[PDB]
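A.B. asks: Here it is: the structure, laid out below.
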Amino acid sequence: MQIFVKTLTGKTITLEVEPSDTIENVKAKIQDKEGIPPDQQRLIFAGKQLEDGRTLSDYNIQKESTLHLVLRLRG
Amino acid sequence: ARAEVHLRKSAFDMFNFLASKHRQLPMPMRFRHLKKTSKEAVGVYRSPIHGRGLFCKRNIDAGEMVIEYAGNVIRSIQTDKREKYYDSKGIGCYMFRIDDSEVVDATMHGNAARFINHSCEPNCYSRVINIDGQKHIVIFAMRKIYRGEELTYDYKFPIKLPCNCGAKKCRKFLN
Amino acid sequence: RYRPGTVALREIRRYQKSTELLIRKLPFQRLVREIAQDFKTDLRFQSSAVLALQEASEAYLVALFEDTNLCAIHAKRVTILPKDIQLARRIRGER
Amino acid sequence: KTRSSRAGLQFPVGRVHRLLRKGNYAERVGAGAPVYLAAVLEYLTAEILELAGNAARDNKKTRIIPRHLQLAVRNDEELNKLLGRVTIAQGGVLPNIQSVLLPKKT
Amino acid sequence: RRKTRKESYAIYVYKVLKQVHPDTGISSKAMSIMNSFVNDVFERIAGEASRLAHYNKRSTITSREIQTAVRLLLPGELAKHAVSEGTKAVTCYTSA
Amino acid sequence: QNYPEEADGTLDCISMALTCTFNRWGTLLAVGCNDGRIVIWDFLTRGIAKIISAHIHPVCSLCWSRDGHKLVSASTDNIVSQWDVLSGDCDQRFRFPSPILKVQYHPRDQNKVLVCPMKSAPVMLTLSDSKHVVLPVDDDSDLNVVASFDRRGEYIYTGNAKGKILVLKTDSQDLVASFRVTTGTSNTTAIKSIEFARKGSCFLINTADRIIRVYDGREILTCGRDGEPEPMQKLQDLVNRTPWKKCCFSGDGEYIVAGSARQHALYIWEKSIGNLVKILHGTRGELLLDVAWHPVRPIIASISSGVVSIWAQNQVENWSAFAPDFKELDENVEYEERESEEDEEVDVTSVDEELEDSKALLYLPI
Amino acid sequence: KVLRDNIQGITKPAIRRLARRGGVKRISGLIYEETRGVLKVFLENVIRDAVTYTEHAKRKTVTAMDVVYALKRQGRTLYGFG
Ligand SMILES: Nc1ncnc2c1ncn2[C@@H]1O[C@H](CSCC[C@H](N)C(=O)O)[C@@H](O)[C@H]1O
Ligand SMILES: [Zn+2]
């Protein structure tokens, strides 16, 4: 599908996530796309917890949704 | 007074800093002192001998390495075009000939030591050494520097640009 | 050659560049053996240990010399004298 | 899992904490003490070794002999203030001749 | 006879030297002298900090006391550089 | 460019100086002197503009209008007056039941000023008709609440003194969003204040758990009524535990600056990486009052104890700027010489981001 | 405050008497300034260590016992204050 990853500065990024693609692979694709390490990112959907070692289908997030990529620190 | 034309029109000046105030161990490893502890002992002010000069607010005694002179080092073929451009732009004889084969031009690139003067009663003499295989000119003093005087070295020209310094021994010429 | 005082400067500079020890091994070792025998008998020394002491000595000793040097300069002369050594030893605060 | 990489330093931190714990300097220590000590030792070692390398490349020799360390420690002034009463094995002494003892003639 | 295992600050300072000047070799004698120097400064600072902690009726050794010790012991602007570097290291360590 | 690396002296036209703030890009300094007067100094020009005899009791805060024609002052004697920038007299005068903490002007609505009364809900006073509109709050109405606009002032954010943050509209007052701060591990925490920026809609929050946190003004209306706290970086000082008094945002939108109380430790970080980059070396003995960078150029200027200390980037152009064809550099390579040796009748007439905080119209050359 | 005065607070007879307790007679008139200088450079370190010690203890007054503690840190010990 396609979802939005909203950052802190205010830029909006649109990415494609498959129904059967784990979150770790999505983070790896993001890291190879724009260089932000997975340790510097985590998913938040409308102020709700999302982890890295899981899959989108386990959370059942609707399409065209925005995810609060609340910034992190290296390591 | 906007109705009488005063004289001394042509100037041909480049370093527009002329003011009326002028309110002033082994060999190889001494390179550090050239670039770090060599920017306070000398100020730039209006010379009394001729034009601009390097006045002093500090003191340096005999046998003390002070400054390395660097500039656009070129061969002797460029001397012809360089002198033609000196005549055109109104450029002084900055043909600093370290030897007859290489000359240190100082009209397109040069260091702060472009501000020096000449007189038959100078304060320092020239010297050159070789560090790391490269020949570099560093000056060692023979006396102490007082506060408020200008560096000047004898050009050692064997006996028309006059040398107007006012000294009694001043030969009034580069000779 | 001639002109005494010229060769001294050359020797002192040559040795200032160098960084070797200055005391023959065997005489100093035997002296340390004797001064140890003064305290206790039949002490086996480590060859590394002796060397150790050796270096420290020169360090101490050379410092003393330098001090005496400037003391002679304070007395309007070049040659150093025994009296200057007692001067340095007393003024250092180690008598 | 390691602990030195948590701050990005190079000197070990677990070793420092163990050695300070068995060093009976006190009975109970905090968490920032070992990392802080590792950091300050890092800074001092870097400060000394940079001058060591500069002196090594002075004489164009790859290996750093202790003479280079002696020169680098002595020529600096803050080190001489901090390394006051300390010598160096095989260190030697920096060249020095008194000013008034310099003969000359015409 | 029976081989023994000894600890020296050999690998870490070597890594530091490579990180700074990855073109210059080091000698074993220099290795030992650097080991002695680091042991010396470590013991000096630790002992001074400990006796200060005893002086204040405190049974603990915090991180603050060590920076007080390095303010006292280290002279000049080197003290400021070292204390700033230590604060940087601890701040970068905690949130990890 | 990068963070300021040089140090500047003081700027004391008069001995006392309590508060300071830049207008839009650091034009004039609004000094609220501790004598009941309002002094205006000149920034980037090192001068003074106007002295206003406001009242007897001194003031404690200052801000200017969106159109730059007013000088609002959170008085210590409840004088909510609209002093004129031009003439210096009072245009509008009003009294509030509670004093004011943070005065601001919406860059799109100068009619409704920003007021932060204590033990009462924030009140917007309309300058067109002198009418007070109370901001609807939740739960208690006697808490130490601070109210502040967003980047554009289109939404207003309020912080209470139990752990609750409220989101509503600057003009419609439709309170439809709340937020509960994290309760540590066992004990809850109140909020001291929040502080915004001019780009990115980020905002720092200062709480009573000794830790400064950061949020963004976009995750509360997106989550809805109330969600789970999730800051980016829980920055703090873990070697001295200095409390936090006043801290503002960067002049570029990527840095974060935090101020001490008496320790002279001015900390800085960047939003991308929460790693310390530099620390300020301040001379101990004074209490910091206000900090606010140049909203465009990296520089730091902190007021304290009647004086001001500036750490800056002092710059003078190089001597080699005489002409583009004239340079004064040094090289040891041989000179690389050159290798390549209309008519119209038209007269000449032609002569962070930007917001609306302009038109001070205050300058007296004589 | 920083004032050039009170530096000459040790007027000439005090140094005279101190020299007498030292056991000297002929002192040149240009000794006083360098005596002031050496006294100031000495006092700098002790007062600095004392203020650091009192600051670390979270109080803004200085006692005598911390002063002798700093003095012992340098190496010169005092007896008679605890
Ligand atoms: N006193 C003097 N009178 C006339 N020419 C001088 C001079 N001293 C040096 N020169 C010439 O000027 C050339 C350097 S340019 C002079 C330095 C610089 N422009 C200044 O204002 O001082 C040299 O080649 C030298 O020959
Ligand atoms: Zn002359």
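What follows draws every value from the coordinates through simple rules; no lab data is involved. So basically every Cβ, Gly included, is an ideal-geometry build from the backbone, and we count neighbours across all protein chains shown.
A.B. asks: Looking at chain C as a GNM with Cα springs under 10 Å, which of C:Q46, C:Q16, C:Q54 has the largest mean-square fluctuation?
C.D. replies: Checking each option, the largest mean-square fluctuation is seen for C:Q16.
A.B. asks: For n ≥ 4 DSSP H runs only, could you compute -39500 (n - 2.57) per run for chain F, divide by its residues and tell me the 222 nm figure to the nearest 500?
C.D. replies: Details: 1 runs with 4 residues, N = 366.
Mean residue ellipticity at 222 nm (helix-derived): 0 deg cm²/dmol.
A.B. asks: Hey, can you grab everything whose amide H is under 5 Å from the amide H of D:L101? Only 5+ residues off in sequence or another chain; H modelled, so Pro and N-termini drop out.
C.D. replies: Hits under the 5 Å cutoff: none.
A.B. asks: For every other residue with a beta carbon closer than 11 angstrom to the beta carbon of D:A72, add +1 if it is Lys or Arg and -1 if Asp or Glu, then tell me the sum. Show your work: numbers first, answer last.
C.D. replies: Details: positive: D:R67, D:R74; negative: D:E47, D:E50, D:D58, D:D76.
Here the count lands on -2.
A.B. asks: Averaged across F:316-327, how many Cβ atoms of other chains sit within 10 Å of each residue's Cβ atom? Before the final figure, lay out the partial values.
C.D. replies: Details: counts 0, 0, 0, 4, 1, 0, 4, 1, 0, 2, 6, 4.
Other-chain Cβ atoms within 10 Å of each residue's Cβ, averaged: 2.
A.B. asks: I would also like to ask the following. What area, in nm² and to one decimal, does the C-alpha convex hull of chain C cast on average over all directions?
C.D. replies: Numbers: hull surface 35.8 nm².
Spelled out: convex hull of the Cα atoms, projected over all directions, averaged, 9.0 nm².
A.B. asks: Mind checking which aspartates and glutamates have their Cα closer than 20 Å to the Cα of B:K84? Skip sequence neighbours fewer than 8 apart in that chain.
C.D. replies: B:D13, B:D100, B:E102, B:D105, F:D325, F:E334, F:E336, F:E337, F:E339, F:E341
A.B. asks: Among rounded, prolate and oblate, which fits chain A when a ≥ b ≥ c are the square roots of the eigenvalues of its C-alpha gyration tensor, a/c under 1.5 means rounded, and a/b larger than b/c means prolate? Walk me through the intermediate numbers first.
C.D. replies: On the way: a/c = 1.36, a/b = 1.23, b/c = 1.11.
Cα axes put chain A in the rounded bin.
A.B. asks: Something else now. Quick one: Debye curve from the alpha-carbon atoms of the range B:20-175 only, equal weights, vacuum; give me log10 I(q)/I(0) at q = 0.15 Å⁻¹ to two decimals.
C.D. replies: Log10 of I(q)/I(0), two decimals: -0.92.
A.B. asks: If you don't mind, there's one more thing I want to ask. Using modelled amide H (1.01 Å from N, peptide plane; none on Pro or chain starts), what sits under 5 Å from the amide H of B:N111, excluding residues fewer than 5 places away?
C.D. replies: B:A70
A.B. asks: Per-residue HN-Hα couplings for the range F:189-202, Karplus 6.51 cos²θ - 1.76 cosθ + 1.60 at θ = phi - 60°, whole Hz, x for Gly and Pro?
C.D. replies: 9, 7, 10, 7, 6, 9, 8, 10, 10, 10, 7, x, 6, 7
A.B. asks: Let me ask you something else. For Cα pairs less than 8 Å apart in space and 6+ apart in sequence, what is the mean separation divided by the residue count of chain A, i.e. the relative contact order in percent? The partial results should precede the final answer.
C.D. replies: Working: 117 pairs, mean separation 31.0, N = 75.
Relative CO of chain A lands at 41 percent.
A.B. asks: On to the next question. List every DSSP H helix in chain C whose Cα atoms extend 20 Å or more along the helix's own long axis and whose mean Kyte-Doolittle hydropathy is at least -0.5. Intermediate values should be presented prior to the final figure.
C.D. replies: Values: long enough: C:25-39 (22 Å, -0.32); C:47-74 (42 Å, 0.69).
Helix filter hits for chain C: C:25-39, C:47-74.
A.B. asks: Right, here's the next one. Taking only DSSP H segments of four or more residues, each worth -39500 (n - 2.57), what value at 222 nm results for chain A once the sum is divided by all its residues, to the nearest 500 deg cm²/dmol? List each step's numbers first, then the result.
C.D. replies: Working: 2 runs with 16 residues, N = 75.
Counting only the DSSP helices, I get -5500 deg cm²/dmol.
A.B. asks: Taking only the C-alpha atoms, wrap a convex hull around the protein assembly as shown and report its volume per residue in Å³ as a whole number.
C.D. replies: Here the figure is 352 Å³ per residue.
A.B. asks: Among F:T242, F:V145, F:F203, which residue has its Cα furthest toward the positive end of the charge dipole of chain F, with +1 on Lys/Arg Cβ and -1 on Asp/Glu Cβ?
C.D. replies: Towards the positive end, the residue furthest out is F:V145.
A.B. asks: Ranked highest first by average number of other Cβ atoms within 10 Å, how do A:24-34, G:71-81 line up? Mind showing how you got there, number by number?
C.D. replies: Details: A:24-34: 13.8, G:71-81: 10.6.
Highest mean packing first, the order is A:24-34, G:71-81.
A.B. asks: Mind checking the dipole of chain B: about its Cα centre, +1 per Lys or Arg Cβ, -1 per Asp or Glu Cβ, Debye to the nearest 20? Working shown, then result.
C.D. replies: Details: 32 positive and 18 negative charges, 119 e Å.
Value, rounded to 20: 580 debye.
A.B. asks: Could I ask something else about it? What trypsin sites (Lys or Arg not before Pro) does the range F:185-222 have in DSSP loop regions with at most 14 other beta carbons within 10 Å?
C.D. replies: F:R210
A.B. asks: Using +1 on the beta carbon of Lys and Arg, -1 on that of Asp and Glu, and nothing else charged, what's the dipole of chain F about the Cα centre, debye to 20? Display every interim value, and only then the final one.
C.D. replies: Values: 38 positive and 54 negative charges, 658 e Å.
The calculated dipole for chain F is roughly 3160 debye.
A.B. asks: If you don't mind, there's one more thing I want to ask. When a footprinting reagent is the concern and you count Cβ atoms within 10 Å, what order do D:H68, B:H6 take, fewest first? Can you show the working numbers first?
C.D. replies: On the way: D:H68 24, B:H6 6.
If I rank by nearby Cβ atoms, fewest first, I get B:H6, D:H68.
A.B. asks: Relative to the first principal axis of the alpha-carbon coordinates of chain D, what is the inclination of helix D:32-58, with its axis defined by its Cα atoms, in degrees from 0 to 90 and to the nearest 10?
C.D. replies: Orientation of helix D:32-58: about 30 degrees from the principal axis.
A.B. asks: Quickly estimate the mean residue ellipticity at 222 nm for chain G, helices only: each DSSP H run with n ≥ 4 gives -39500 (n - 2.57), and the total goes over all residues, rounded to 500. If you can, show how the numbers build up before the last one.
C.D. replies: Values: 3 runs with 46 residues, N = 82.
Mean residue ellipticity at 222 nm (helix-derived): -18500 deg cm²/dmol.
A.B. asks: Applying the Karplus parametrisation 6.51 cos²θ - 1.76 cosθ + 1.60 with θ = phi - 60° to the phi angles of the range E:23-29, what ³J(HN,Hα) value in whole Hz is obtained for each residue in order, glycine and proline being reported as x?
C.D. replies: For the range E:23-29, the Karplus curve yields 9, 10, x, 10, 9, 5, 4 Hz.
A.B. asks: At each listed q (0.18, 0.24, 0.26, 0.33 Å⁻¹), what is the log10 of I(q)/I(0) that the Debye formula gives for the range B:82-127 modelled as equal alpha-carbon point scatterers?
C.D. replies: -0.68, -1.05, -1.13, -1.25
A.B. asks: For B:25-33, what's the mean count of beta carbons from other chains sitting within 10 Å of each residue's beta carbon?
C.D. replies: Values: counts 4, 4, 0, 3, 7, 0, 1, 1, 0.
The mean count of partner-chain Cβ atoms within 10 Å per residue comes to 2.
A.B. asks: Counting other Cβ atoms within 10 Å, which trypsin sites (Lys or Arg not before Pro) in the range B:60-145 have at most 14 and lie in a DSSP loop?
C.D. replies: Working: sites: B:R75, B:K81, B:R82, B:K84, B:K89, B:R97, B:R114, B:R127, B:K135, B:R143, B:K144; in loops: B:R127, B:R143, B:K144.
Listed in order of number, the matching sites are B:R127, B:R143, B:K144.
A.B. asks: Right, another one. For the protein assembly as shown, give the share of DSSP beta bridges that are antiparallel, in percent and rounded to the nearest 5; count only bridges with both residues there. Spell out each step's value before the answer.
C.D. replies: Numbers: 96 of 104 bridges.
Antiparallel: roughly 90 percent of the beta bridges in the protein assembly as shown.
A.B. asks: If each residue's Cβ is checked for other Cβ atoms within 10 Å, how do F:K119, B:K156 rank with the fewest at the top? Can you show the working numbers first?
C.D. replies: On the way: F:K119 13, B:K156 10.
Placing the least packed residue first, the sequence is B:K156, F:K119.
A.B. asks: Determine the shape class of the range F:10-311: with a ≥ b ≥ c the square roots of the Cα gyration tensor eigenvalues, call it rounded for a/c under 1.5, and otherwise prolate if a/b is greater than b/c, oblate otherwise.
C.D. replies: Details: a/c = 1.68, a/b = 1.11, b/c = 1.52.
Oblate, because a/c is 1.5 or more while a/b does not exceed b/c.
A.B. asks: Can you list the HN-Hα couplings for the range F:41-50, worked out from phi with the Karplus curve (6.51, -1.76, 1.60; θ = phi - 60°), rounded to whole Hz and with x for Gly and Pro?
C.D. replies: My calculation for the range F:41-50 gives 9, 10, 9, 6, 10, 6, x, 10, 10, 7 Hz in order.
A.B. asks: Are there chymotrypsin sites (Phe, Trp or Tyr not before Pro) in the range C:1-72 that DSSP marks as loop and that have at most 16 other Cβ atoms within 10 Å, and which are they?
C.D. replies: Numbers: sites: C:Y2, C:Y15, C:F28, C:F39, C:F45, C:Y60, C:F65; in loops: C:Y2, C:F45.
Sites meeting the loop and neighbour criteria: C:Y2, C:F45.
A.B. asks: Please average, across the residues of D:6-13, the number of beta carbons from any other chain that are within 10 Å of each residue's own beta carbon, and give a whole number.
C.D. replies: Details: counts 7, 9, 8, 5, 6, 7, 4, 2.
Going residue by residue through D:6-13 and averaging, the value is 6.
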